[PDB]
């Protein structure tokens, strides 16, 4: 792996230290860990996110390294994205997983992440908590009590993020 490995004593110290307040890890022999990357680089109106490939190669290899099988889906639409998510909610493998990772990479605006057909005038927005809603205990009972880590690279508007101060 290219991730720095926990020697067995290290892990042991961590379970022996906090055992009641830690997510349980399923056995390496048998767990079926899934992760999902959705990445939009080619868009219909707005300019192509050159550089995204590196991000996909980076994250695919990491999650995999961390123990996950990785679906990568690219250049989708809020709706395609939704449908993928609902399918992801339904994968049997979750039953034998102990966590999941979803990664979204796209342009985004303040309402949420952009699907490929986004224009200024017709929005293709995936709402920040459509994503939550789709993996909650109702919609994804399989991941009840398991960590769901959602990671999002997207802009959140146009502002540069800084204010000036002096001295």
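Positions refer to the first chain, counted from 1.
As listed in the deposited structure, the average C-alpha B-factor of 25-33 and of 38-46 is greater for 38-46. Two stretches are in play, 137-145 and 49-57, and the higher mean C-alpha B-factor belongs to 49-57. Within the listed group 119, 64, 106, 99, the record reports its top CA B-factor for 119. Sort the chain's modelled residues by C-alpha temperature factor and residue 130 lands in the middle third, per the entry.
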